[PDB]
Structures are given as structure tokens and as C-alpha cells.
Amino acid sequence: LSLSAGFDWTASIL
Amino acid sequence: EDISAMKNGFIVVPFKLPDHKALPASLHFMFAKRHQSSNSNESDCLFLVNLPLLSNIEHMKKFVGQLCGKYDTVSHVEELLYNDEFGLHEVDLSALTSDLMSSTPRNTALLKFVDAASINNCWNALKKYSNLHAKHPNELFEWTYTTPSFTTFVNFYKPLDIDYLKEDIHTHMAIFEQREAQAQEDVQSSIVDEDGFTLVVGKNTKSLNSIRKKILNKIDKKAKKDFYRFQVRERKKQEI
Amino acid sequence: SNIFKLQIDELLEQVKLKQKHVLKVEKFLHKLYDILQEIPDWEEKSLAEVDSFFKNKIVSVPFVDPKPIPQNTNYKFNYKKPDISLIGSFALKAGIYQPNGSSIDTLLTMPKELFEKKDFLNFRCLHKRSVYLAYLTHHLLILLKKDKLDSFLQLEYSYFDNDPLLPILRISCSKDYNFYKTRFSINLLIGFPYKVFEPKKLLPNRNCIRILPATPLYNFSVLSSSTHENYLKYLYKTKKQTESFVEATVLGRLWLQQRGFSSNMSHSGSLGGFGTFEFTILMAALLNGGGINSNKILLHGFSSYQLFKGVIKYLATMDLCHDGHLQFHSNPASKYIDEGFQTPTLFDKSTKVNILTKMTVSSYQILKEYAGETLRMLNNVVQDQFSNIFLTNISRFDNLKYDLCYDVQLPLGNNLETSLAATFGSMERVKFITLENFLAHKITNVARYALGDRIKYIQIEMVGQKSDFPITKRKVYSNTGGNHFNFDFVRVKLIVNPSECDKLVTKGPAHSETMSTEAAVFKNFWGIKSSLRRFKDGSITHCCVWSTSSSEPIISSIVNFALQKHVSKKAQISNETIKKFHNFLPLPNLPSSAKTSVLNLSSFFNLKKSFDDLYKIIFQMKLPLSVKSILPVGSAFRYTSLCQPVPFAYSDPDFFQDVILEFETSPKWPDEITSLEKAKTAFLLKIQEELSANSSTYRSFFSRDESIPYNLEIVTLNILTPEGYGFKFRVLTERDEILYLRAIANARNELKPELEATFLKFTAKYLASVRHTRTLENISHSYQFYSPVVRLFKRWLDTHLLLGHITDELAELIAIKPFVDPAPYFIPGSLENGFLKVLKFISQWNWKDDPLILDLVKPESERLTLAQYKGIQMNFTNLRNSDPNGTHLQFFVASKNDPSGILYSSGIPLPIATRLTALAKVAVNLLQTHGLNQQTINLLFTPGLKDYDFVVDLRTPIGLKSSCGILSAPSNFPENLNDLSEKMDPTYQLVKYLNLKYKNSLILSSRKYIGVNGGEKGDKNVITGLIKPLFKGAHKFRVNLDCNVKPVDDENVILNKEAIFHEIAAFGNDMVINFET
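Residue numbers (PDB author numbering), protein chains in the order written: chain OA, 1401 to 1414; chain NI, 4 to 27, 32 to 111, 120 to 233, 249 to 270; chain NH, 100 to 274, 282 to 317, 326 to 445, 453 to 534, 537 to 983, 1009 to 1116, 1128 to 1236.
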């Protein structure tokens, strides 16, 4: 397995 | 596929991509229009958009070559102006810092031809070339992407020839010193206007362009609040 | 101060309990008191009769080990009405809302007639109280049934403060009297009347278990059990005299809880023993004195802030365990005595009770450390520290708190081996009532003594220890224990001391003609490992010698050998989490690399010695302008290169190390940029010339640099040093800086933002770069573990294809934050603790509203003052005012070197910046969901690679791992310097150029180091791309589209993905292997 993070282009994760 | 010309007027010029094992009929398209400009250097030019990687004049010399053979038209491309695939020459830092030695969109360039007879010949060939994709895509030309310039660019880590640098450095200083010498004499030569006004130049000044830029770049304390009769009368007025 | 005071108030109101639940529970236990009043009395019973009376009942008494046997239980048992009373924080109304939940303590005082004077001997008072609890449970249960409350009440025993000798009945509500929503827990405390037993007989020095050795733990248990209501009364008087007592009380309980400190027992192994009533009783003791002169240290007029500050200062600097103890009178000014009892002691002369008996020696040092480091933060005026002090839980992860953690699996774990049980013996049962108390003490002494100065603090935790057991059972039952030992396994946690953690030899007592006692304990403890050695100084001392390894620290070997020899030869000691992190760091291809410690910078010292040889050469060389200085500005010079330098390993990206050369100031420098830089190459061209003549053993060649935009005349001289190291030289001159300023002034208003960016990169390489090495190199020493963690941190970025967009210096500034700003944690002292701390910070860093500013200074000048602090804060607000969303700038990293704060964090795309926080968040979540273990670490260091829109695989013609100096190899430079490129990886340069052409449409990234993250042979690298939202969908066709597209309609185009793949393939040539879209 791996660490995979959905790519965010609006700085929403922050 | 049926598309031949863009409504704004940029003719679509398809290109066939290579057979590479990593990439197992993918194409690449240009958008082109006749360029009009009163400037002599920009006259007789063809405006191109969406250029492939590292598209030099030698590439242009090829493709006009097959177009000439296929359509039996005489066309010669003199040069490719404003080819900045990496935007590297967008600003001339030499011009901004000083005038000596340098009196001076993106993903597009201007293709100059030798004469008007060549460019209109190419444009007629280009219109026919566009029609091919709708009818016969198989006969579409193939872009090489391999050129002597490409190999030099690919070989990023190449030690520079010291002998070539030695000559290039020597010529550049020889020219610069001559220009610097001429500039310093010009400022300190007792410049007098047409009407007899002598310009002033400070010592150690080297360039008249510098003097101009300084100009572009660039009583209250001795007034006495209590000296005149009206000044104490008003002081007396505010005193009471 | 007013900012803090208001911050105090906001915290109190936020956590303040909702008064409605007070009425709800007050409605219940008031009625519970009536149920107690119904319970009937009992007659005198022997153990035989009570056993029969309880034989068939569901209830079973919680007899404390050793259970009373018929022979020694001759004393009879009886029950009578107790005097019900309410005790605890609820009594003081200092209680709060706790999401995990609070407890209500109710005391039932046995009538004194149930006691004899000599009942504090041989657990006599203990066992009659035990049946007293059982008789209550039997009648309370049936009465609970009669009133019909049993539907939503669950009853069980539990140990008071995890004290095995004080089981208590614990009452809860499961989902009108239903108090489940209140989340409060009524605990019935079965305590003795006041002065039933002579307290002088119950002093810590005295004994009460006949077998003589003292019994401090039992003496406290019965005496403290007999002294509850008195401390209750003692605390109210103080509550009235000082108005801010309750406020001061609630501030500490935060600070206790965030550090994970409780009132529970600590000899068992759990960290605690200092709770609220320890916190409060220290207040009351201090409010009536506390100084050596018996002067008041705290005044009743003090506010909540001052009351809290005094105790933190009081505990931080005065020692209560080894040298000095405090005495006070609950019923007389408190005075600090210089003598110490070698254990945490707060004597109470009025009650003859030591309140810190449950407080262990090892935990006390950690308490003293925590108070001191907060006192430094409390005195801090530059930075606000409210959130760190009170609103940051460090107790979530043991790894983040504690540098090294070792789990010890004891043998035969349905009872411990006969040898281990035999070691417990009868004498230690008197000293330590339970084997868990003794065994925990056994581990601490041998571990503390074995490691000695190598560690600062040690904690032993009995993992899987329970404190509550059903009504049907007499003692707690562990699945591994089998009623024998209430724990699953022991975990040994350390705070290492970096200065001497890796010492090869453990120094000991000096030799003497007669073998001294300290030498006696020396030779016996380490046994064959103990022996006698001599040194260069001529001293003859008993010392034992260990072997360094690159996979585990020296502490690994010491604990394994020390515990096995003394504790149990069958013990299994393992810490694999350290070993994986150590292995992830690249192993250099130098002699004895495996045996080299991770704290050894031997590879780095060798590099500058070769530079020093070149340093002497350049200076004596005659040039038109004298050399001002030669300044090394490299990564290996600051001890941050991911892979350590290796001779002749020129495939390493960091092999050619940048150095700044500056000459004497002259007025003859060209006034034009290109002539200046060409004049620089002429100076370098000389440096190459007579260097070749005078020193032929040095080899040289020239290369072009394009890092500074629009300055294409930069030529750097690469010198291949005979020891096998490469150095890159660039010339610096005063006129160079002002010419860039001239360009910005002359540039058109639209072009000025572009030119200042060019100046920003220039100062990042020439001006600010020099300062960055100077501070970090000096700052690196005392922070021994900063160099490994930043290297491993850099490794983590490379695996996830993030170094291509993050400049090397930014990775260092983010990685040093846990060291310069360790609060609320300690300075990292191990590779995993530091690295996880870096990931923790990035996860919780809100870079849009919170700036990062660091004091690059040594541990307690150049510290940021108030004026400098507010100036940088002013800068962050101004930039965020123009850039609220943070699209242009994401990370604001500033310091004295970089007051602007945008020097090393400019140009990073917003997508990548979110990856660093997004990946960091998931990594923290992964650690929470699954504990730190081999599988988790392997996940942390492997890239998903699926979210990327298209992925391109590449393989180099030859493996580069050997030429990178990495041990799974060249010994000289090639005769033709053209051959260097044949053994190098161009993919980093391939991606750099492709981004710029596709800057408006695509974001391509790749692994900078291919020898480390390119498999076994180090040739596999991957180019991963991303299509922006705008060009992903169709667009109307325009000249400014600035993208490679395909027409779909007469005025519509779509991205040309297939040709971009072909464009990448031709650009990659034979390296590209496959395309995944």
C-alpha cells in the first residue's frame, strides 16, 4: 500500500 | 478532422508524430496566419502558434522543403523570428542596465521568407495541406524532432571549449572598452547647445545616458514667525 | 499581560461545566445517600462465616493480596452505618466538563468501633475494609433493583488511583435519574476515621508489615485513607482567603492533562502521581510559606496567572526528591528543608502524611523538566505561548514525547517463570506490595544504571494494565496475566542525551590497590563485559567497550545486554522502528560505513580538509585583483547533503559543491551586466590556467549556469580535487548587486515584478546563501540529530517527487523548527522522534494565517527581540492582505537571515505546497489509526503515484547507485572529462525545462536522486505530470492560449495529451520506457 492524498488545487485541505 | 481553418483565420496545419516504442496515428497541429507589419524585419512573415519542442529554422527549412516538392511551389524560409520556446530572451537585461552594446507572445514565432513570392506560394500550399486531414490523413507529413541543434541541447552536461571562450571574452572586452572610451569623451567634451549653453558634466562621469537617468530619477526655515508688526498683532490677537 | 489574562478567561468559559448537569447528578447521588441509609447493619463474623455468607452471592470481596487465610484471619469482621460525605473537586466546585469524563468521589467513613488500635498491621485494617465494601455492594445491588434503577446503572470495582490496595465501587449510567448525558462517575471511597491509628507508627521510615524494612506505600495507603476529610477542610480555608484559587486550580489540571500527568500510581509504571490535589495542596502549602526562611512565596491577593506562575517556578527550581524537601501544616508556616529523603517528599507534620509517596523518582525529573521549560516559555515576552502551554496535547503519541521506546516481552507470558517469581521473594513483597511495582523498579535501576549519562529521563510502562474488574471477581484479570500479573508487556521509554548517547566506552571508577565498593558494583553489573583499560592520558579505569553500528544506536546493545543479564535471560528486547529509519538513510560507500554511527560526520570533515588544501592554493596565486575571501556555501559544508560525500562519486547530484569567490573592491569592474559576468569568467579563466600549471594533479573544466533568469553569461569553474571531490566556483562582486537594482528601476512597470524575482534568486544564491551556511553550520553541532533528520526528511520529499519544487534551504528551515522551537515538546534526540516531529508540525501548520519564524540560535545574543518580532509579523499581514488565498506564496519562512520571509519559499506552485501538508496530514492520521510499526514506516516512504494524471517511467542506461557512493564504483575521474555526463542522471534537468514550457498547462516532477530512490541498481526514475483545471477542459481558441491543443469546433480546442507524451518521449530519448495516462 501507500500514502495517497487527493490532489487539491484550491488550498481546501488547509 | 473535417476542420481545415479556424474561424479567426488561423489555418490548421497537421503533423504526424513519430513511431516510438514508449508511444505505441497521434498527430500534432499548428495554427498559422499571414503576418502583416510595416516593420521591414517583420515584413514577409508567417505567424505560427503551438510550435513543437525546439523548433528551429532547420525544421522550417525541412517542412517547406516537402511542401515545395509535393505542390511544386518555390518557397524559401529566410529565418524564424521570436522563437522563445522557454521564454529565455523575453527581457534584455543588457539593455536595461546600460545602453552601450545593446541599443534595444508565448508558444509562437514569426516565420520570415526570402520574398513575397515565396510566402504566398507557401500559404497556398498550406491551405491545400490543411485539406488533406479531412480526406487522406495517411499522406500527412511527419515531424522529425531530431536535428543537430537538438543533439547539442540534449547534451546538457558538456564542458565548454576553453579556446572558444578565450576568443569570445577577448572580443567582447575590446568592443566594450572602445564604446566606454567613446562615451566618456562625449560627456567631457565641453558640450554646448545650439544656442551657446554649456552642459555640465561632473568628474568621473562616463555616459550621457547616465546623466539623463539621474534627472529622471530625481525658505521655510528662514521664515520668521515674529518679525513684522502684523506678526505680533496677530500673536497678541491669539494671546487674548 | 492583558492578552494572556483575556486568554485565560476564554479557556475557563470554554471548558466550564454546564450547571444543568450539576443539578442532574445532585438529584441522583442525594437519592443514592438515601439508598445507603436503607442498608442494614451486620454482626461480628469470622472469615469462615463471611466466606459462606458470600459463597453463593454474585458479589465477591476484593481481598488484597495476600488474601486472608483462616490461620491469620483470627480477627472478626463487622459492618455498621458509615458517615456519608462528599469529597473531591466536586466538593470544592473546581470541577469542569471533560469530553472523556470526570468522577465524583463520595466517602463512607467506617464507625471507629469497627477498628482496634493495632489494626494497621499485616493488612488487618485492609481486609475488614474489603468486606465492608463487599457488604455495601450486596445490599446496594438489591436496593438498586428495588427502586428500578438497575436498568441503566452498571456497577464494578476499581482501584483508587490505580492503587491495588484500595479497590472501590464505581457507579455509571448507561444510555429521570439517568445521568449518562452528564458523563460523571460516582466513586464510593471507603476510608477510615481520623486518628484511628497513631500516625507516628505510620511514618514512611516505620514498618507495618511484619516479616525490618520500611513500608512507605502501605503506610501512606492506610494513613491517606484515614486522612481525606481533613485535606478537604484544609482546602476550603485557602479557597476563601484567596479569590483566585479555583481559577489557579483549573489552569494546572490543563497543564497536567496535556502532559499526560495524573493522580494515579506511578510505581506500577504509568506516568503520574502529580494530580490536581497534589497541584492544589502545593498551592495551599505555598500560600502559607514555602521558602527556606518560611516566608510566603504566594500571596492571597495574587491572580490566577500569578498563582500558577509561582508553583511552576517553585517546582522547577527547588528540588523535592534528592536534595531538599518541603514541610507544611494542614491544621505552622511551610518551610523548605535542605535535607532530602532521596524520594519525592512533601511532608505534612499535622497529618504525618507524605503527599508525594505515589510520585516516583524517575517521573519527578520529567515533572521538574516540564515545569522548567514552561517557566522559560512563561517568562517569554517575544512570542505568545498560551496555546503551547495549555492547548497542545503532547500525550497523544509516545514516540513524539520519548526518543526511544523498547518493548520487553517477559518469559512465560499462565504465570511468570519460577525464577522470575522467585526473584520477587518475601522481603520485596513488604517493600512493594505487587510484583508489578517491584518489577517496574527492577527495570528502572538496571536500565538507569546501565545507561547512566547516556540518557536524561527513563520511563517504564506496563502496557495493557487494567484497574477495574467486575463485581463477580476479587482481583483484576489480564488475558496474559491469568490473575497473576496485570500487564501484557513492558515498554522501556527513554529521553536520550545526544552529547554522549553514542559514546563507544562507558567510563567507570578508577583503579585502586583495594577494589572499592563503586568498583564492586561496577564489575558485578556488567560481568564479563566489565574489565580494566588504559588510555592516552595515563588513567587506569574500569570501563566496558561497545561497537557502533549504522542501523541501531549504542543504547540498543546496552539495554538488551543489561536487562537480559539481570532481569531475565529469556527476555526479548526489540525496537525495529529505529532500525527502519536508520536503514532509510543512505549508507555511504566509505571504509567501515556499516560500523559508522549516524551521528558521525567523518565524511563531511574529509570534504573541507580537501577544500582547505585548495583554499591555500587559491590565496597564494597571483591575480590582477587580490582575493578578498573564498567562502564555501555548500550542502555538505552545512551538514545537510542527503548522501554523505564519497571520493570520486561524481554521479551524486550534490558532488559539485558551490563556493563563492570574492576579490578586492575595485572601480574597474564593467558597468554592464554581460561585461561584468564575462569579466568574471576571465578571472576564473586565469584561476584555471596557472592552477593547471602549478598544480597539475588538480583537474578543471568550465560549465554554464542558468539558475538566475535572464543572466546567461554565468560561467562556473568546476575543479576535480585529487582527494576525489568536486567544487564549483562563482565570483561575487559589489557592483553585481546594484546592477540588478538598476535593472529593476529601469524596467517597465509591467516587467518590474519579473525583474525583482530575478534579484530574489540572485540574493538566494550569493548573499543570503553565505549567511545560511554560517548559522546552520554552527547551529548544527549542539543539535547532533538535526543533520540525520534533515537528510532523512529530504529523502522523504524525494520519494514523493517534491524536491524538484522545494529548494534545498526550505527543507532545512522546516526541519530545524522542532530543534529551535521544541515547545511544547523537547529537543529531538533520536532520528524518528525528530522526523515525526517535522511531519507533525507540517500537518498542523496553517500557513495561510500562521507564519513560520525561527530563532536560529543556540539552546539557552541574536534572539529575535520584540521590535524585530512585530516587524516580521507586520510583513506577513501585508503579504496576506495582497495574497489572502496564498496562491502566489504559501510558506512564509523567515529569520534574521531572511526578514522578508519570501526568500526561500517563492515560486512553489500551490498544488505542490498542498501536497506537503496533505501528505503530512495523512501520515499523522496513519500513525493514529495504526501504531508505529514496520508496515506503517514502509508506507510512509513509498509513493502512491496514482493521483497524478499521467506517469512516465524512465531507466538510465547504467546503474548510478555505485557511482553515487551508496553501498548496496569509480576510483578515479575519467581521462576525458566529456565522459562524466555518460554516468549522470539528466532527468532532473529534463523536468526543469519541461515545466517552464508547460508552466501554464502542466506541472511535471521527478525524483532528484536516482541512486537512492531508483531501486537496487538506481536507474529507475519517474516523471509525473498534472493538467491544470483550465486546460483539462475545452477552451475557446485564442492567441494567448499558450498551450498545445487540438481543435474540436471552429472556435474550440482541447489539450494535446498524446503529443506531449511524444514530446516527452523524444526529449527523453532512450531513457523513457513506458507511459501511463
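Cβ atoms here follow ideal geometry from the backbone N, Cα and C, with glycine treated the same way.
Taking C-alpha positions only, residue 918(NH) is separated from residue 1091(NH) by approximately 12 angstroms. Within chain NI, the residues 108, 187, 188 and 191 have their CB atoms less than 8 angstroms from the CB of residue 798(NH), given in chain order. At least 9 angstroms separates the CB of residue 585(NH) from every CB of chain NI. Take residue 127(NH), set aside five residues on each side of it, and the residues of its chain with a beta-carbon closer than 7 angstroms to its own are 283 and 285, in chain order.
According to the DSSP assignment, residue 786(NH) belongs to no alpha helix (DSSP H) but to the beta strand (DSSP E) extending over 779-786. In terms of beta-carbon proximity, residue 777(NH) stays away from the interface with chain NI, with every pair separated by 9 angstroms or more.
Counting other Cβ atoms within 10 Å of its Cβ, residue 367(NH) reaches 16 or more and is therefore classed as buried. The beta carbon of residue 520(NH) sits closer than 7 angstroms to the beta carbons of 526, 955, 956, 959 and 1080 from its chain, once the five residues preceding and following it are set aside; these are given in chain order. Within the same chain, and ignoring the five residues on either side of residue 832(NH) in sequence, the residues whose Cβ sits closer than 6 angstroms to its Cβ are 881. For residue 341(NH), same chain residues with a beta-carbon under 6 angstroms away, outside a window of 5 residues either side, are 472 and 474 in chain order.
Residue state for residue 1022(NH) is assigned as helix, using DSSP reduced to three classes. In the three-state reduction of the DSSP assignment, residue 224(NH) falls in the helix class, which pools H, G and I. Each of 582(NH), 636(NH) and 332(NH) was checked against the Cα of residue 481(NH), and the nearest Cα belongs to 582(NH). Listed along chain OA is no residue with a C-beta nearer than 7 angstroms to that of residue 919(NH); the closest approach is about 10 angstroms.
Taking C-alpha positions only, residue 1222(NH) is separated from residue 17(NI) by approximately 15 angstroms. Not a single C-beta of chain NH is nearer than 9 angstroms to the C-beta of residue 218(NI). Look at the beta carbons and you see the segment 665-682 of chain NH touching the segment 705-719 of chain NH: at least three pairs across the two are nearer than 8 angstroms.
With a threshold of 16 other beta carbon atoms within 10 Å, residue 506(NH) meets it and is buried.
Secondary structure in the segment 546-630 of chain NH: the alpha helix (DSSP H) runs of 4 residues or longer, each lying completely within the stretch, are 558-574 in chain order. In this chain, residue 172(NI) is not harboured by any alpha helix (DSSP H), its DSSP state being neither H nor E.
At the C-beta level, residue 922(NH) and residue 771(NH) stay beyond 9 angstroms of one another.
In this structure, the beta-carbon distance from residue 272(NH) to residue 251(NH) falls below 9 angstroms.
Distance check between residue 756(NH) and each of 975(NH), 510(NH), 948(NH) and 851(NH) places 851(NH) closest, using alpha-carbon atoms only. Any Cβ of chain NI closer than 9 angstroms to the Cβ of residue 1232(NH) would place that residue at the interface, and such an atom is present.
Per DSSP, residue 904(NH) lies in no alpha helix (DSSP H) segment and is marked neither H nor E. As DSSP reads the structure, residue 468(NH) sits in a beta bridge with 441(NH) and 475(NH). Each residue's CA atom was taken as its position, placing residue 116(NH) and residue 432(NH) some 34 angstroms apart.
With distances taken between CA atoms, residue 1229(NH) lies nearest to 1180(NH) out of 1180(NH), 179(NH) and 696(NH). Nearest to residue 466(NH) by C-alpha distance, out of 455(NH), 438(NH), 454(NH) and 483(NH), is 438(NH). The shortest C-alpha to C-alpha distance from residue 791(NH) to any of 221(NI), 261(NI) and 156(NI) is the one to 221(NI). It is roughly 44 angstroms from the alpha-carbon of residue 589(NH) to the alpha-carbon of residue 654(NH). Residues of the same chain with a CB within less than 6 angstroms of the CB of residue 530(NH), apart from the 5 flanking positions on each side, are 612 and 695 in chain order. Between residue 350(NH) and residue 191(NH), the CB-CB gap stays under 9 angstroms.
Residue-level contact check: residue 615(NH) does not touch chain NI, since none of the beta carbons of chain NI fall below 9 angstroms from its beta carbon. The DSSP assignment places 146-152 and 188-191 as complete runs of the alpha helix (DSSP H) inside the segment 144-206 of chain NH, in order along the chain (cut-off: 4 residues). At least 9 angstroms separates the beta-carbon of residue 389(NH) from that of residue 249(NH).
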